Amino acid sequence: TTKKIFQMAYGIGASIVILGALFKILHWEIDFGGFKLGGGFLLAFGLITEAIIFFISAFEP
Amino acid sequence: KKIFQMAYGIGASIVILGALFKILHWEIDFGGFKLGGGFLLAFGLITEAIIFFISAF
Amino acid sequence: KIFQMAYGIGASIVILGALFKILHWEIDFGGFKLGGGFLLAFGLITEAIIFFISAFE
Amino acid sequence: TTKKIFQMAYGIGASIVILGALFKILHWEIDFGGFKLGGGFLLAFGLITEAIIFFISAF
Amino acid sequence: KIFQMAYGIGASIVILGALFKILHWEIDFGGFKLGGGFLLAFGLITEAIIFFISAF
Amino acid sequence: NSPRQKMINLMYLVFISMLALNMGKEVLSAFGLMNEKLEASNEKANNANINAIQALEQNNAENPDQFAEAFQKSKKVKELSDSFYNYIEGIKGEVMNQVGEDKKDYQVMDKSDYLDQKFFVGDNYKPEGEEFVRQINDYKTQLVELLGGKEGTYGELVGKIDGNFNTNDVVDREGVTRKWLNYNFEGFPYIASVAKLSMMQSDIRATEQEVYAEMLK
Amino acid sequence: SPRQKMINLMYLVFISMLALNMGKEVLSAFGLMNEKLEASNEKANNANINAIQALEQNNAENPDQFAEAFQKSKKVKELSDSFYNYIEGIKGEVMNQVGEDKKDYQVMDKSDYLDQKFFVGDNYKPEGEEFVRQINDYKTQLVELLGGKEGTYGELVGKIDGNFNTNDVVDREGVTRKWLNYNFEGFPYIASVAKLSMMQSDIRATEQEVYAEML
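How each quantity is defined
- Residues numbered from 1 in each chain as written, not as in the entry; some residues may be left out.
- Chains lettered and ligands numbered in written order.
- Heavy atoms only, no water.
- Salt bridge = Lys/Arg side-chain N within 4 Å of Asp/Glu carboxyl O.
- Helix = DSSP H or I, 4+ residues; strand = E, 2+ residues; numbered from the N terminus.
- Buried < 20%, exposed > 50% of the residue type's maximum accessible area, 1.4 Å probe, protein only.
- Contact = heavy atoms within 4.5 Å.
- Axes fitted to C-alpha atoms, helices over the stretch in contact; angles between N-to-C directions.
- Parallel < 35°, antiparallel > 145°, perpendicular 65-115°, else oblique.
- Nonpolar A, V, L, I, M, F, W, Y, C, P; charged D, E, K, R; others polar.

cryo-EM is the method the PDB entry states for this structure, with the resolution given as 3.0 Å.

As named in the PDB entry, chain F is GldM, taken from Capnocytophaga canimorsus. Within the Protein Data Bank, this record goes by the title "Structure of GldLM, the proton-powered motor that drives Type IX protein secretion and gliding motility in Capnocytophaga canimorsus".

For chain C, the name recorded in the PDB entry is GldL, with Capnocytophaga canimorsus as its organism.

Chemist: Which residues make up the pattern of salt bridges, and what values go with them?
Modeler: Here the idea is simple: oppositely charged side chains can pair when their charged atoms come close. For the structure on display, the rule yields 34 salt bridges over all chains. Note that C:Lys21 and F:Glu174 form a salt bridge whose closest N and O atoms lie 3.5 Å from each other. Here C:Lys21 is found in helix α1 (residues 2–23), whereas its partner F:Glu174 is found in the loop between β3 (170–171) and β4 (177–178) on a different chain. Judged by relative accessible area, which is 10%, C:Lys21 ranks as buried. Residue classification places F:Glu174 among the partly exposed residues on the basis of a relative accessible area of 32%. In this structure, F:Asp105 and G:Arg172 form a salt bridge, with 3.2 Å as the shortest nitrogen-oxygen distance. Here G:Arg172 lies in the loop between β3 (169–170) and β4 (176–177) and F:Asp105 lies in the loop between α3 (68–96) and α4 (116–119), a pairing that spans two chains. A relative accessible area of 12% means that F:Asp105 is categorised as buried.

Chemist: Explain the side chain of F:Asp116 to me, and be specific about the residues and the numbers.
Modeler: You can see F:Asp116 is positioned in helix α4. Setting aside residues no more than four positions away along its own chain, F:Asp116 makes contact with A:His27 and F:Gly187.

Chemist: Kindly report on the packing of helix α3 (residues 67–95) of chain G against helix α7 (residues 189–212) of chain G, identifying the contributing residues and their values.
Modeler: Residues and elements named next belong to chain G. In the contact formed by α3 and α7, the axes pass within 10 Å of each other and the chain directions differ by 170°. Between α3 and α7, the angle is such that the two are roughly antiparallel. A class-by-class count of the residues in the contact of α3 with α7 yields 14 nonpolar, 4 polar and 6 charged.

Below is the structure:
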């Protein structure tokens with residue numbers, strides 16, 4: 001039953017890292033809160049997410 | 001099932017073709033405006049992020 | 001077979017193009033100067049072709 | 001048997017690699033362990049760990 | 001044993017070359033200056049050869 | 001699963017950490033020291049240009065029959081030059097505001113984030129990037145039109161300023177054609193970009209002091 | 001496997017990002033700067049020769065107020081030329097090992113030759129000691145000719161001492177590093193050549209400032 005919380009984490013982290021790569025390559029700017037969030041900051045957030053997914057991939061069936 | 005596999009394949013082809021265009025700095029114009037590598041990268045990466053988001057549920 | 005061979009050659013040329021780009025190796029064969037850009041281009045084209053073909057299976 | 005610890009080591013080492021890459025990109029100097037940790041130290045630790053598992057797994 | 005050993009050794013050399021290249025490390029012990037470029041070449045050429053051989 | 005699968009994901013891990021591959025600390029220190037020397041030489045150049053303008057004042061005051069045209073041309077050149085210089089300095093200060101509290105800590109600049117999100121979008125120029133390119137081309141055009149393009153007077157100074165202040169597509173070492181702004185500032189570390197902007201400012205100052213050098217003669 | 005599809009797609013994307021990182025001609029800014037230094041160096045050398053010639057005619061017609069000024073001008077010109085030519089020789093010896101193309105600034109990033117001649121281990125090699133000695137003797141003899149931080153050229157001498165220093169410098173962390181180890185160790189060849197050509201632009205600027213305060 002815990003195989004569906006890893007699938008959610010895997011898919012959502014994949015989306016986040018792909019979007020971070022997209023915004024870093026194309027120099028885009030998403031504005032939803034706080035700052036303009038840049039594309040470099042979104043790459044950094046994608047890297048945080050990828051580190052978390054790498055960590056939680058160590059402990060899985 | 002098959003829709004997601006087909007979308008993944010086509011979006012991956014488009015995004016790495018756009019990566020090729022950005023590497024070689026091509027602006028291939030066969031239809032409409034200047035395609036570029038940025039547009040293909042955006043299209044492929046968006047349709048990949050969408051597919052991976054939906055496939056998480 | 002061919003769908004498990006072009007995988008290997010494409011990955012090999014992608015890695016070789018990455019290496020040549022990192023090290024700025026510009027080996028000159030008959031005719032034009034090869035460089036890492038051509039190797040990346042060929043590897044990326046191969047990856048795009050198999051990502052497209054493998055979409056419809 | 002020991003394949004569980006290989007993937008655990010790979011995952012934790014790769015997480016440290018990503019954290020060190022991020023800290024080196026952002027120039028973060030997190031100071032908990034002894035001296036100033038930095039991103040270079042985390043890269044060194046994670047990459048050396050990954051190299052150690054990959055060398056051991058060759059046999 | 002014929003592919004796994006070279007596989008792992010090349011992977012370890014790739015990792016060490018990446019580390020040296022990113023951190024700009026210059027560890028030399030006489031005669032040669034290792035650097036990150038040499039290790040990256042020695043690992044990535046080996047991996048390209050392994051890829052090409054396993055393709056066939 | 002497959003050895004090739006583990007090896008491609010090892011390449012994934014290797015190349016995602018190569019996102020942290022930047023210039024070394026020595027290259028960044030060299031860029032920062034070049035920026036310091038460039039700024040000092042630019043301040044010296046501006047002082048020399050102000051002295052040249054004052055000398056043109058002294059000459060034209062006595063003989064307002066042969067130097068008045070030269071004086072008016074020189075003053076308009078100074079207006080254009082200081083406008084372009086102040087625009088470049090505005091961009092340069094905006095870049096230096098994003099590096100941290102210590103301004104001469106060149107090891108940590110190395111980012112290329114603020115600048116290429118204000119010059120480029122996708123594969124085009126963001127409106128302010130086009131503003132930069134337009135400023136360069138307008139400085140080139142309006143300076144030439146005060147002297148005469150490749151003909152008449154000053155002969156080859158026009159050819160020189162048509163070489164420094166280009167925005168034409170440049171071909172790089174591989175042979176692929178690159179747009180000027182993307183070639184010069186996309187992905188460049190903050191300190192490298194600021195050094196390059198100070199180089200452009202040095203071109204401005206050298207150009208205008210070479211103009212006033214011809215004014216006196 | 002939503003993670004394996006990501007990796008199989010995005011490792012190519014990250015290789016592409018790395019290729020675009022490697023394709024930036026950041027190091028060509030050093031080469032372009034070096035070209036501009038060379039050009040400004042012939043320009044300033046011509047200005048210096050013109051000032052020297054001017055002073056020559058001025059004291060040839062009037063050897064009353066500034067004849068010794070022209071003698072000092074000749075002596076500083078000769079010392080500046082000697083230092084400039086020493087730096088030029090060091091620049092040539094490092095520009096001879098970059099390849100057949102001297103305008104391919106992207107490959108001049110090795111640093112191996114220059115740090116193998118200025119210093120061995122932790123101290124200076126006896127030709128890298130020569131570079132530091134040349135810098136220090138240029139500074140010292142120039143200060144002697146002008147007058148050290150007093151009398152005349154006092155501000156200029158202070159400017160000179162800030163240019164051609166050799167004092168040990170402390171880096172960000174805090175260790176005390178030698179001057180030649182700080183300035184030229186690990187620097188790519190084109191960065192070192194740009195720094196040397198800038199050090200020549202300071203020679204030209206210093207002497208043109210010296211002749212500026214002689215009219």
